[PDB]
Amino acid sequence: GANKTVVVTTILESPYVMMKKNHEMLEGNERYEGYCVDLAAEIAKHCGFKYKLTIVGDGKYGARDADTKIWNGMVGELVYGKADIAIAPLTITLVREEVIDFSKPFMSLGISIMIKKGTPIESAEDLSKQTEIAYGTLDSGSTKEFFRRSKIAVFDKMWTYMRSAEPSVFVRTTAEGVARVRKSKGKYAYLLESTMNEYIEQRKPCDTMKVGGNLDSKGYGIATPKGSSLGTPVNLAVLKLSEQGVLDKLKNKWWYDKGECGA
């Protein structure tokens, strides 16, 4: 019956969703800026809904605990009825597609390698054949799972190393992985999605680089709880925004117009 305010789950991840410098001065949706802030606004406009942005409580993307089988992160928020829609850099994966609905992708990505500039690494193959430079991934998302599940020898070799490396190569947020790259003197490499990698490469201090090709190819989709009547209009909206070049415009705005490291 009565339309209600749509509860949007998302995550603080640059440049998708960030607190404005002056957020303490602001209320509600106006506290945040970014690619997914703009995208939420476009989708809401095209679908005729009022919405509230909320940051996922546990600060995670979404993984199911192997013992409890409880979903955390934004996925768990959709699954347990805490949010109506996730509008974030949330990777489309088989295990997630089984439990939530995903629009067609609104952005493509692959897993990629971030280095401190001058690091003697060009590929995953380079990483796997050496021990001097540590490397790891984010917890509780699609990248860690990629390695954990991979039957490809190079990626199996990598996973075998990372899962038992000491101290831990895994980080809780993208910002911590980036900080580790910068602070580790070339002795840590970070495995993260190319979208995130390419953003950070254009931010001061301009000391990191994306090296080599992407290890996989895939995309982010807008997720809804399974069978939600939001799914259909939201998917049509993503296709429309795609076809109008709105998605390209937003990407240019937040990646390259914001570039700090040159033209």
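The numbering used is simple: start at 1 and walk along the sequence shown.
A summary of the deposited B-factors shows that, of 253 to 261 and 4 to 12, the stretch with the larger mean C-alpha value is 253 to 261.
Stretches 145 to 153 and 188 to 196 differ in mean C-alpha B factor, with the higher average recorded for 145 to 153. Within the listed group 130, 108, 91, 103, the record reports its top CA B-factor for 130. Residues shown: 66, 215, 40, 223. Highest C-alpha temperature factor in the entry: 66. Annotation for residue 235: C-alpha temperature factor in the lowest third relative to the rest of the modelled chain, per the entry. In the PDB entry, residue 204 places in the highest third of its chain by CA B-factor.
When the modelled residues of the chain are ordered by C-alpha B-factor, residue 176 sits in the middle third. For residue 28, the recorded CA temperature factor ranks within the highest third of the chain's modelled residues. Ranked within its chain, residue 49 lands in the highest third, by CA B factor from the PDB record.
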